[PDB]
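The next block holds one structure in the form of structure tokens; read it before the comments.
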2 protein chains.
Amino acid sequence: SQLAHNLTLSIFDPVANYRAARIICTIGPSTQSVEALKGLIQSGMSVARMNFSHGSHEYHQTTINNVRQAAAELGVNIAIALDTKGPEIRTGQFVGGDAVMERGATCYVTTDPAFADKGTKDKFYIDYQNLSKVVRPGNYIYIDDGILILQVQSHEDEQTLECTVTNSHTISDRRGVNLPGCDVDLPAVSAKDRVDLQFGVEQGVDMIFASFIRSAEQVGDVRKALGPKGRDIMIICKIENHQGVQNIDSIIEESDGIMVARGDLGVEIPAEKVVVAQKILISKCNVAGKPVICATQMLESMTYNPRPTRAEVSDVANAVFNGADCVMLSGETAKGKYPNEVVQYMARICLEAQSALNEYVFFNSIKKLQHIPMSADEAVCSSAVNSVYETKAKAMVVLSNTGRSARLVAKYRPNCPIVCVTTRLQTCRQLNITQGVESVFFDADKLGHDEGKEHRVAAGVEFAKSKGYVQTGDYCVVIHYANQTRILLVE
Amino acid sequence: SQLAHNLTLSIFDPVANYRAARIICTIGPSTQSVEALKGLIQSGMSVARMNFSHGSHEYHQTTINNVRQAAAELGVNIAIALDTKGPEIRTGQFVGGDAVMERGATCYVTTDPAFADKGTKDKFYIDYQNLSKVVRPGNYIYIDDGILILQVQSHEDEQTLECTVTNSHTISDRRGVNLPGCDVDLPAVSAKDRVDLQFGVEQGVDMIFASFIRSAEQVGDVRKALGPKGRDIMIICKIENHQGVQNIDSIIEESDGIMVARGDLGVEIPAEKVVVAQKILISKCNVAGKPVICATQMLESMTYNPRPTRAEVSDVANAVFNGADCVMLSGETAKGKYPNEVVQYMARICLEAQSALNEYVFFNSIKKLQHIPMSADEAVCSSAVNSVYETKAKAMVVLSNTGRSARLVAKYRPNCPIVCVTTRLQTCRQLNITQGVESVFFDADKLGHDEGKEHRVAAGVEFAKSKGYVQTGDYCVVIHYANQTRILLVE
Ligand SMILES: Nc1ncnc2c1ncn2[C@@H]1O[C@H](COP(=O)(O)OP(=O)(O)OP(=O)(O)O)[C@@H](O)[C@H]1O
Ligand SMILES: Nc1ncnc2c1ncn2[C@@H]1O[C@H](COP(=O)(O)OP(=O)(O)OP(=O)(O)O)[C@@H](O)[C@H]1O
Ligand SMILES: O=C([O-])C(=O)[O-]
Ligand SMILES: O=C([O-])C(=O)[O-]
Ligand SMILES: [K+]
Ligand SMILES: [K+]
Ligand SMILES: [Mg+2]
Ligand SMILES: [Mg+2]
Ligand SMILES: [Mg+2]
Ligand SMILES: [Mg+2]
């Protein structure tokens, strides 16, 4: 039982020689330079997220050009993700890049597209036109992931509302406004996004973090909007509203993965239930084998201090325990004072949680919840991981070009690193979001086709030998769709 | 649980398309002819046992020559086993081939080597010389697997005892006499046996059923006596005395397999404890992977009637449930009136027990009791059977020349037939004692070495296709020591 395994732990227990959980960071003013991006990569960042709710196509271009440059200079594959705007509502900019709203103070929310560029604590912009008709005196307006709340007192015209500010808090530019239960009709796939998405395909982003997904049909609209040029790009659905959670089943089916975007969720649903939701999504992904990302406010206080609170630590670790493939840093790196220290601490908390975990349980639990009869190749991965546990193999080698086989292995949670040998360089970046995998690029255009698998398999084992996973005389399990599995001794 | 699985059963449930348990018969006057031996092979006999406690080397020769002839004419591999005399004590022959001892009647047991050829109900021979010194008035003498008991009244000379016969019963020639607790010193490996064993090596017997094994050292004495010429012959230790059971651990280690010879055991230990012993031996073999045979009086009443009692049925089935690889017929075929009917009924009871069993439990139970870390090749077989269960594969193909890999697979109890492809014809016979395996002879001297494994693997699948195990589009798992495993679709 879980209680029995807790008794066997010790603070002194040596950490694993590899990290499994994958870190994702958000690139902002604090982290756009190559000299900072290199910092994040060495500190533990696997994926760079670009939030398209801020900055121009001119800005994100620079992010892309610098992420890639910092990667090549360090000799690693780092993935780039586009995060769509979606059917959100955003405030407008402010004079001084921010506003300081105080408890008791009164403010003005206009829908005048000329209060976009200028924003006081007294008056600012909200980019939903119909706003005046959606609200009544008494109803709240939530600013910034449910932190700041304004109570509506009255109208002023057919554009502006008088609003009591109920709590003190500083807001910067373009904070998300959230209206709970207001049936707020907004383009399931907005015009701004079709623009944003096609830019992603052209520059060659590795994955799309689709915001505010609510239905299966909605995901199709995204992939259809990506065009035939971007069929290879992954679609990670951000579950952050009431219905998205209720329709999780069918969304997972269409999607390539899930993000528990807790910021918006923690407003749209009663905050205590966010916890239940987390569990549900994560585990449901674990069963399917589609990577899951936990995100938002996990290390919030490290935007200011150099050390997280005991709650914040708890969160990161407990998330890894819940089965999250990926943990993600938002404002913590985008505008934080400690962008390297925040990544290091997360990588370290991840190791600790992962070492004090029993992966063997995860393996059996997942296997139990699989529909017998399994497919040909899924059984192979299953059993080949069952092989790892019985043999205490210190590494695994999988040959997947598309990436499927690699993930399908990681699905069954082995207690060793999974080395994935692929000929396609994109697959290496796209695997930076599935847990406990490392990718090795086998250059097809200068080392030959190798339909004998001989040179590739031995390349993966060399990577294992170099990273110090296996020595001379340790066991390594090798799979290659993949329908053949072998256990070999290493020289 | 076991109780839960019992509720899911039904008398109407269709039987498996293959039998797993292996039948072994004893060749006697009823079954020595080729026209009868063919009968036994078609009725379900896998192995022919020769009991060397009866008949000359001239007699057993004929058995060998006819078993082999009946095999070749039917086109199957049937194994031949030698069953040693051991440190036993046997009565002497009788005028009329038998004696009828009645309750109340008085009899004479002489140790005169001239009452060997003539034997009355009044007087016969017992081939232990020291007998007169081992017994006292009051002590019993057990004749014929503990059926007939004589109470010693007095001496008559320095050769003969006066004995009350306490129960009525007919005994034929050379019934085994058993003396409980009498520390009876007898050559651990007797002179008669070294003669018998060397005859086995010359004619080329497939396995030795070593009688009355009591220690590890004792098994060595057998293999050492077999010489370097018979290193390939298997040594099945017959546990049938007090110490043999107590030293089971170390005996298993040295031996190639165990037989629970219950006849002699049921005298040497308190008959109710035979049941506990059975369980212990069998399960201990199951854990090691060394085949176990259950034997003696399993279908006794079918030496006379054409239908077994409800106890006798119970026994055969319950034995298969206990985990026995092999069930063996002794007097039932050797001198029975229904030698074909007795084999058919056993094959049928075996199917029924085997169909109403959950092999999946056996698989997990055995796997649990394996020392982690497993060997390279043992994990492969383990996981490759784990593959069979998840994929509902209807057959398995293993390439083992020596036979080890084949057995090591059968160790983990899959729910399908195991087709074993071997180049050596002996291995086919020697596999006739491990459960749920069928052997296919791949002729090495007229079909080539085939170090690519291609032609052999496809030969095993053809056997599966011919026996109607797999159709077009079913799953078959293929292993080849064996350190590579594949799951393939069939054409
Ligand atoms: N490209 C950027 N330029 C300027 N500021 C940014 C940028 N990306 C993030 N930020 C700052 O970091 C904060 C949080 O970043 P994050 O990517 O989590 O977006 P968010 O506002 O929380 O919206 P979402 O709900 O999509 O996460 C933003 O409010 C913003 O002030
Ligand atoms: N080759 C044979 N020739 C004649 N009779 C035989 C032969 N084999 C077996 N029998 C008869 O069958 C009976 C039982 O056969 P079985 O092989 O079980 O030997 P057993 O006497 O029970 O000794 P063991 O304890 O070795 O089994 C014998 O008592 C004997 O009468
Ligand atoms: O969209 C998000 O990432 C959130 O709301 O946290
Ligand atoms: O030796 C035997 O086979 C017995 O005693 O049953
Ligand atoms: K967004
Ligand atoms: K014997
Ligand atoms: Mg959002
Ligand atoms: Mg956020
Ligand atoms: Mg015996
Ligand atoms: Mg017997």
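Each chain in the structure tokens gets a letter, A, B, ..., in the order shown, and its residues are numbered from 1; ligands are numbered from 1 in order too.
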In range 199-299 of chain A, what's helix (DSSP H, G or I) per DSSP? Answer as a PDB file with C-alpha atoms, in the first residue's frame?
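In the end it all went to part-v6.pdb:
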```pdb
ATOM      1  CA  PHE A 199       2.500  31.976 -38.380  1.00  0.00           C
ATOM      2  CA  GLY A 200       3.366  28.914 -36.296  1.00  0.00           C
ATOM      3  CA  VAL A 201       3.267  26.583 -39.299  1.00  0.00           C
ATOM      4  CA  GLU A 202       5.448  28.919 -41.390  1.00  0.00           C
ATOM      5  CA  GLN A 203       8.184  29.321 -38.761  1.00  0.00           C
ATOM      6  CA  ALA A 216     -13.956  17.769 -29.454  1.00  0.00           C
ATOM      7  CA  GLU A 217     -15.250  19.622 -32.530  1.00  0.00           C
ATOM      8  CA  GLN A 218     -13.212  22.623 -31.352  1.00  0.00           C
ATOM      9  CA  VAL A 219      -9.894  20.747 -31.580  1.00  0.00           C
ATOM     10  CA  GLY A 220     -10.613  19.811 -35.217  1.00  0.00           C
ATOM     11  CA  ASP A 221     -11.149  23.502 -36.020  1.00  0.00           C
ATOM     12  CA  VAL A 222      -7.585  24.064 -34.789  1.00  0.00           C
ATOM     13  CA  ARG A 223      -5.926  21.282 -36.835  1.00  0.00           C
ATOM     14  CA  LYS A 224      -8.034  22.206 -39.867  1.00  0.00           C
ATOM     15  CA  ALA A 225      -6.903  25.837 -39.433  1.00  0.00           C
ATOM     16  CA  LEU A 226      -3.271  24.689 -39.189  1.00  0.00           C
ATOM     17  CA  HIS A 242     -16.231  24.440 -16.934  1.00  0.00           C
ATOM     18  CA  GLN A 243     -17.204  22.376 -19.991  1.00  0.00           C
ATOM     19  CA  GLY A 244     -13.667  21.475 -21.102  1.00  0.00           C
ATOM     20  CA  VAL A 245     -13.401  19.426 -17.892  1.00  0.00           C
ATOM     21  CA  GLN A 246     -16.805  17.779 -18.410  1.00  0.00           C
ATOM     22  CA  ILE A 248     -12.315  15.774 -21.171  1.00  0.00           C
ATOM     23  CA  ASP A 249     -12.931  12.260 -22.577  1.00  0.00           C
ATOM     24  CA  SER A 250     -13.633  13.288 -26.174  1.00  0.00           C
ATOM     25  CA  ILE A 251     -11.078  16.120 -26.066  1.00  0.00           C
ATOM     26  CA  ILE A 252      -8.301  13.691 -25.118  1.00  0.00           C
ATOM     27  CA  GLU A 253      -9.336  11.430 -28.037  1.00  0.00           C
ATOM     28  CA  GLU A 254      -8.833  14.239 -30.566  1.00  0.00           C
ATOM     29  CA  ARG A 262      -4.991  26.127 -13.477  1.00  0.00           C
ATOM     30  CA  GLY A 263      -4.889  29.935 -13.692  1.00  0.00           C
ATOM     31  CA  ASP A 264      -8.093  30.279 -15.693  1.00  0.00           C
ATOM     32  CA  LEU A 265      -9.548  27.049 -14.271  1.00  0.00           C
ATOM     33  CA  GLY A 266      -9.226  28.302 -10.678  1.00  0.00           C
ATOM     34  CA  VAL A 267     -11.639  31.078 -11.562  1.00  0.00           C
ATOM     35  CA  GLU A 268     -14.013  29.223 -13.883  1.00  0.00           C
ATOM     36  CA  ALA A 271     -10.893  26.745  -6.509  1.00  0.00           C
ATOM     37  CA  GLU A 272     -11.047  23.713  -4.177  1.00  0.00           C
ATOM     38  CA  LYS A 273     -12.315  21.581  -7.093  1.00  0.00           C
ATOM     39  CA  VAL A 274      -9.246  22.482  -9.182  1.00  0.00           C
ATOM     40  CA  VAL A 275      -7.508  19.802  -7.070  1.00  0.00           C
ATOM     41  CA  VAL A 276     -10.023  17.128  -8.062  1.00  0.00           C
ATOM     42  CA  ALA A 277      -9.795  18.203 -11.709  1.00  0.00           C
ATOM     43  CA  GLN A 278      -5.989  17.967 -11.693  1.00  0.00           C
ATOM     44  CA  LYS A 279      -6.121  14.358 -10.539  1.00  0.00           C
ATOM     45  CA  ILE A 280      -8.802  13.469 -13.104  1.00  0.00           C
ATOM     46  CA  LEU A 281      -7.125  14.966 -16.166  1.00  0.00           C
ATOM     47  CA  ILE A 282      -3.621  13.703 -15.338  1.00  0.00           C
ATOM     48  CA  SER A 283      -4.722  10.115 -14.585  1.00  0.00           C
ATOM     49  CA  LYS A 284      -6.982  10.075 -17.674  1.00  0.00           C
ATOM     50  CA  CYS A 285      -3.956  11.061 -19.784  1.00  0.00           C
ATOM     51  CA  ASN A 286      -1.795   8.492 -18.054  1.00  0.00           C
ATOM     52  CA  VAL A 287      -4.278   5.787 -19.098  1.00  0.00           C
ATOM     53  CA  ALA A 288      -4.364   6.981 -22.709  1.00  0.00           C
TER      54      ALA A 288
END
```
Inset, instruction - Around ligand 4, at most 8 Å away and counting only C-alpha atoms and all ligand atoms, which residues are there? Put them as a ChimeraX atom specification, please. - result: /B:145,211-212,238,240,259-265,295-297,330
Please produce a file of the residues just selected, as a JSON list (two decimals), in the first residue's frame, where the atoms kept are N, CA, C and O atoms.
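Generated file (selection_29.json):
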```
[["chain", "number", "residue", "atom", "x", "y", "z"],
["B", 145, "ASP", "N", 2.72, -51.91, -1.67],
["B", 145, "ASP", "CA", 2.37, -50.51, -1.41],
["B", 145, "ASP", "C", 1.44, -50.31, -0.21],
["B", 145, "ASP", "O", 0.49, -49.52, -0.25],
["B", 211, "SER", "N", 14.62, -44.47, -8.25],
["B", 211, "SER", "CA", 13.78, -44.87, -7.12],
["B", 211, "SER", "C", 14.39, -44.54, -5.77],
["B", 211, "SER", "O", 15.61, -44.46, -5.64],
["B", 212, "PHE", "N", 13.52, -44.35, -4.78],
["B", 212, "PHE", "CA", 13.90, -44.19, -3.37],
["B", 212, "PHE", "C", 15.08, -43.24, -3.09],
["B", 212, "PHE", "O", 15.91, -43.51, -2.22],
["B", 238, "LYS", "N", 12.51, -40.01, -7.60],
["B", 238, "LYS", "CA", 11.27, -40.48, -7.01],
["B", 238, "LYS", "C", 11.32, -40.29, -5.50],
["B", 238, "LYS", "O", 12.04, -41.01, -4.80],
["B", 240, "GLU", "N", 9.95, -41.04, -2.27],
["B", 240, "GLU", "CA", 9.05, -42.06, -1.74],
["B", 240, "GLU", "C", 9.46, -42.60, -0.36],
["B", 240, "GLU", "O", 9.08, -43.71, 0.03],
["B", 259, "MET", "N", 9.36, -37.09, -9.12],
["B", 259, "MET", "CA", 8.12, -37.86, -9.12],
["B", 259, "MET", "C", 7.65, -38.07, -7.69],
["B", 259, "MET", "O", 8.42, -38.50, -6.83],
["B", 260, "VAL", "N", 6.38, -37.76, -7.44],
["B", 260, "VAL", "CA", 5.74, -38.10, -6.18],
["B", 260, "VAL", "C", 5.24, -39.53, -6.30],
["B", 260, "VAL", "O", 4.09, -39.76, -6.68],
["B", 261, "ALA", "N", 6.11, -40.48, -6.03],
["B", 261, "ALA", "CA", 5.73, -41.89, -6.05],
["B", 261, "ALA", "C", 4.97, -42.22, -4.76],
["B", 261, "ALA", "O", 5.56, -42.57, -3.73],
["B", 262, "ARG", "N", 3.65, -42.10, -4.83],
["B", 262, "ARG", "CA", 2.79, -42.15, -3.64],
["B", 262, "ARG", "C", 2.64, -43.56, -3.05],
["B", 262, "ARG", "O", 2.41, -43.71, -1.85],
["B", 263, "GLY", "N", 2.77, -44.58, -3.89],
["B", 263, "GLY", "CA", 2.70, -45.96, -3.44],
["B", 263, "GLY", "C", 3.58, -46.22, -2.23],
["B", 263, "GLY", "O", 3.09, -46.57, -1.16],
["B", 264, "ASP", "N", 4.89, -46.03, -2.40],
["B", 264, "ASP", "CA", 5.83, -46.30, -1.33],
["B", 264, "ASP", "C", 5.75, -45.23, -0.25],
["B", 264, "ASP", "O", 5.92, -45.52, 0.93],
["B", 265, "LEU", "N", 5.45, -43.99, -0.67],
["B", 265, "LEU", "CA", 5.36, -42.86, 0.25],
["B", 265, "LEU", "C", 4.25, -43.07, 1.27],
["B", 265, "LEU", "O", 4.45, -42.85, 2.47],
["B", 295, "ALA", "N", 1.76, -39.73, -9.40],
["B", 295, "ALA", "CA", 1.64, -41.14, -9.79],
["B", 295, "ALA", "C", 1.11, -42.06, -8.70],
["B", 295, "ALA", "O", 1.12, -41.72, -7.52],
["B", 296, "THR", "N", 0.65, -43.24, -9.14],
["B", 296, "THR", "CA", 0.24, -44.38, -8.30],
["B", 296, "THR", "C", -1.20, -44.32, -7.82],
["B", 296, "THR", "O", -1.60, -43.38, -7.14],
["B", 297, "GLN", "N", -1.95, -45.36, -8.17],
["B", 297, "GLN", "CA", -3.34, -45.56, -7.70],
["B", 297, "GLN", "C", -4.30, -44.41, -8.04],
["B", 297, "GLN", "O", -5.34, -44.26, -7.39],
["B", 330, "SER", "N", 0.22, -46.71, -13.57],
["B", 330, "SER", "CA", 1.10, -47.81, -13.18],
["B", 330, "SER", "C", 0.50, -49.15, -13.59],
["B", 330, "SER", "O", 0.56, -49.53, -14.76]]
```
Legend entry - Counting only C-alpha atoms, chain A residues within 7 Å of chain B, as an MDAnalysis selection string: chainID A and resid 372:376 379:380 383:384 386:387 390:392 483:487
Dump as a JSON list (two decimals), in the first residue's frame, selection limited to N, CA, C and O atoms:
```json
[["chain", "number", "residue", "atom", "x", "y", "z"],
["A", 372, "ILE", "N", -7.83, -5.42, -22.79],
["A", 372, "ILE", "CA", -7.39, -6.69, -23.36],
["A", 372, "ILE", "C", -8.47, -7.09, -24.37],
["A", 372, "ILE", "O", -9.65, -7.11, -24.03],
["A", 373, "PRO", "N", -8.07, -7.41, -25.62],
["A", 373, "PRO", "CA", -6.72, -7.62, -26.13],
["A", 373, "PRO", "C", -6.05, -6.34, -26.58],
["A", 373, "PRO", "O", -6.66, -5.54, -27.30],
["A", 374, "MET", "N", -4.81, -6.15, -26.16],
["A", 374, "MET", "CA", -3.98, -5.03, -26.58],
["A", 374, "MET", "C", -3.63, -5.18, -28.05],
["A", 374, "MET", "O", -3.80, -6.26, -28.64],
["A", 375, "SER", "N", -3.15, -4.10, -28.65],
["A", 375, "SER", "CA", -2.62, -4.17, -30.00],
["A", 375, "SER", "C", -1.29, -4.91, -29.97],
["A", 375, "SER", "O", -0.67, -5.05, -28.92],
["A", 376, "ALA", "N", -0.87, -5.37, -31.15],
["A", 376, "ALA", "CA", 0.40, -6.07, -31.31],
["A", 376, "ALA", "C", 1.55, -5.30, -30.66],
["A", 376, "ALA", "O", 2.23, -5.83, -29.78],
["A", 379, "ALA", "N", 1.44, -4.34, -26.60],
["A", 379, "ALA", "CA", 1.84, -5.46, -25.76],
["A", 379, "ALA", "C", 3.36, -5.54, -25.70],
["A", 379, "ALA", "O", 3.92, -5.72, -24.62],
["A", 380, "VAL", "N", 4.01, -5.39, -26.85],
["A", 380, "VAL", "CA", 5.47, -5.46, -26.94],
["A", 380, "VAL", "C", 6.13, -4.49, -25.97],
["A", 380, "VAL", "O", 7.03, -4.88, -25.24],
["A", 383, "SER", "N", 5.21, -5.56, -22.13],
["A", 383, "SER", "CA", 6.09, -6.65, -21.74],
["A", 383, "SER", "C", 7.57, -6.29, -21.68],
["A", 383, "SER", "O", 8.28, -6.72, -20.78],
["A", 384, "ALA", "N", 8.04, -5.48, -22.63],
["A", 384, "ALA", "CA", 9.44, -5.04, -22.65],
["A", 384, "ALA", "C", 9.78, -4.14, -21.47],
["A", 384, "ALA", "O", 10.95, -4.04, -21.10],
["A", 386, "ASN", "N", 7.99, -4.66, -18.53],
["A", 386, "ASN", "CA", 7.94, -5.73, -17.55],
["A", 386, "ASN", "C", 9.29, -6.43, -17.48],
["A", 386, "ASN", "O", 9.71, -6.85, -16.39],
["A", 387, "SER", "N", 9.97, -6.52, -18.63],
["A", 387, "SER", "CA", 11.32, -7.09, -18.71],
["A", 387, "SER", "C", 12.32, -6.27, -17.91],
["A", 387, "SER", "O", 13.18, -6.84, -17.22],
["A", 390, "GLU", "N", 12.09, -6.86, -14.00],
["A", 390, "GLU", "CA", 12.57, -8.17, -13.57],
["A", 390, "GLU", "C", 14.08, -8.32, -13.72],
["A", 390, "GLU", "O", 14.71, -9.10, -13.00],
["A", 391, "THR", "N", 14.65, -7.57, -14.65],
["A", 391, "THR", "CA", 16.08, -7.68, -14.95],
["A", 391, "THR", "C", 16.93, -6.55, -14.35],
["A", 391, "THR", "O", 18.16, -6.58, -14.44],
["A", 392, "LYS", "N", 16.27, -5.58, -13.72],
["A", 392, "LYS", "CA", 16.92, -4.36, -13.20],
["A", 392, "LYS", "C", 17.80, -3.67, -14.24],
["A", 392, "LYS", "O", 18.88, -3.18, -13.92],
["A", 483, "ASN", "N", 7.83, -4.19, -33.21],
["A", 483, "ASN", "CA", 7.24, -5.50, -32.94],
["A", 483, "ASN", "C", 8.28, -6.58, -32.60],
["A", 483, "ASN", "O", 7.98, -7.78, -32.66],
["A", 484, "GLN", "N", 9.48, -6.14, -32.24],
["A", 484, "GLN", "CA", 10.57, -7.03, -31.82],
["A", 484, "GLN", "C", 11.33, -6.42, -30.64],
["A", 484, "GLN", "O", 11.67, -5.24, -30.66],
["A", 485, "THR", "N", 11.59, -7.24, -29.62],
["A", 485, "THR", "CA", 12.26, -6.78, -28.40],
["A", 485, "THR", "C", 13.39, -7.73, -27.99],
["A", 485, "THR", "O", 13.25, -8.95, -28.10],
["A", 486, "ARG", "N", 14.51, -7.16, -27.55],
["A", 486, "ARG", "CA", 15.70, -7.92, -27.17],
["A", 486, "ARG", "C", 16.31, -7.35, -25.90],
["A", 486, "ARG", "O", 16.31, -6.14, -25.71],
["A", 487, "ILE", "N", 16.84, -8.23, -25.05],
["A", 487, "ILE", "CA", 17.61, -7.80, -23.87],
["A", 487, "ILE", "C", 19.06, -8.19, -24.08],
["A", 487, "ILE", "O", 19.38, -9.36, -24.25]]
```
Legend entry - residue 97 in chain A environment, 7 Å, only C-alpha atoms, sequence neighbours closer than 3 positions dropped, as a VMD selection string: chain A and resid 93 to 94 172 to 173
Inset, instruction - Can you pull out every residue within 10 Å of residue 119 in chain A, counting only C-alpha atoms, but drop anything in the same chain fewer than 2 positions away, and send it as a list in words? - result: residues 91, 92, 93, 94, 95, 96, 97, 98, 99, 108, 109, 114, 115, 116, 117, 121, 122, 123, 124, 125 and 173 of chain A
Taking N, CA, C and O atoms for each residue, export the selection above as a compact mmCIF listing (two decimals), in the first residue's frame.
```txt
# COMPACT_ATOMS: atom_id res chain seq x y z
N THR A 91 -7.61 42.58 -20.59
CA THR A 91 -7.62 44.02 -20.36
C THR A 91 -6.74 44.71 -21.40
O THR A 91 -6.24 44.08 -22.35
N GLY A 92 -6.57 46.01 -21.23
CA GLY A 92 -5.76 46.80 -22.13
C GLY A 92 -4.50 47.24 -21.43
O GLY A 92 -4.37 47.05 -20.21
N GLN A 93 -3.59 47.83 -22.18
CA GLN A 93 -2.31 48.28 -21.65
C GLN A 93 -2.46 49.41 -20.63
O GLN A 93 -3.55 49.96 -20.44
N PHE A 94 -1.36 49.74 -19.96
CA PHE A 94 -1.36 50.83 -19.00
C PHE A 94 -0.18 51.74 -19.20
O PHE A 94 0.92 51.29 -19.55
N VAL A 95 -0.41 53.03 -18.97
CA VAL A 95 0.67 53.99 -18.81
C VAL A 95 1.54 53.53 -17.63
O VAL A 95 1.04 53.33 -16.52
N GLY A 96 2.83 53.33 -17.90
CA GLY A 96 3.77 52.81 -16.90
C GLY A 96 3.82 51.29 -16.87
O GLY A 96 4.35 50.70 -15.94
N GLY A 97 3.24 50.67 -17.90
CA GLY A 97 3.23 49.21 -18.03
C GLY A 97 2.44 48.48 -16.97
O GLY A 97 2.37 47.25 -17.00
N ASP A 98 1.84 49.23 -16.03
CA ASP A 98 1.03 48.66 -14.93
C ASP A 98 0.11 49.66 -14.20
O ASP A 98 0.19 50.87 -14.40
N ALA A 99 -0.74 49.11 -13.34
CA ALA A 99 -1.74 49.86 -12.58
C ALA A 99 -1.78 49.35 -11.15
O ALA A 99 -1.63 48.16 -10.93
N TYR A 108 -12.85 52.57 -13.64
CA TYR A 108 -13.70 52.65 -14.82
C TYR A 108 -13.24 51.70 -15.91
O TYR A 108 -12.12 51.79 -16.40
N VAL A 109 -14.13 50.78 -16.27
CA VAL A 109 -13.86 49.83 -17.33
C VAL A 109 -14.63 50.22 -18.58
O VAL A 109 -15.84 50.01 -18.68
N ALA A 114 -9.79 53.05 -27.71
CA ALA A 114 -8.96 54.25 -27.72
C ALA A 114 -8.50 54.46 -26.29
O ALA A 114 -7.73 55.38 -25.99
N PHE A 115 -9.01 53.61 -25.41
CA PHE A 115 -8.47 53.46 -24.06
C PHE A 115 -7.66 52.15 -23.96
O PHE A 115 -7.33 51.67 -22.87
N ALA A 116 -7.33 51.60 -25.13
CA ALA A 116 -6.41 50.46 -25.23
C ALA A 116 -4.98 50.86 -24.87
O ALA A 116 -4.35 50.21 -24.04
N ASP A 117 -4.47 51.93 -25.50
CA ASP A 117 -3.07 52.35 -25.32
C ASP A 117 -2.80 53.09 -24.00
O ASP A 117 -1.68 53.03 -23.49
N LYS A 121 -5.22 53.52 -13.18
CA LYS A 121 -5.91 52.80 -12.12
C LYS A 121 -7.39 53.20 -12.10
O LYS A 121 -8.25 52.43 -11.69
N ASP A 122 -7.67 54.41 -12.59
CA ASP A 122 -9.01 54.95 -12.65
C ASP A 122 -9.80 54.38 -13.83
O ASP A 122 -11.00 54.17 -13.72
N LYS A 123 -9.13 54.17 -14.96
CA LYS A 123 -9.80 53.79 -16.20
C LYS A 123 -8.92 52.95 -17.13
O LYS A 123 -7.76 53.30 -17.37
N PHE A 124 -9.48 51.85 -17.63
CA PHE A 124 -8.83 51.03 -18.64
C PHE A 124 -9.80 50.32 -19.60
O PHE A 124 -11.00 50.55 -19.55
N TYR A 125 -9.24 49.46 -20.45
CA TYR A 125 -9.97 48.85 -21.56
C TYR A 125 -10.19 47.36 -21.32
O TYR A 125 -9.39 46.72 -20.66
N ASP A 173 0.21 44.89 -17.85
CA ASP A 173 -0.55 44.93 -19.10
C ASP A 173 -1.27 43.62 -19.42
O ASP A 173 -0.80 42.53 -19.07
```
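Proximal residues of ligand 5 are residues 51, 52, 53, 54, 83, 84, 85, 86, 88, 176, 209, 210, 211 and 212 of chain A, by a cut-off of 9 Å on only C-alpha atoms and all ligand atoms.
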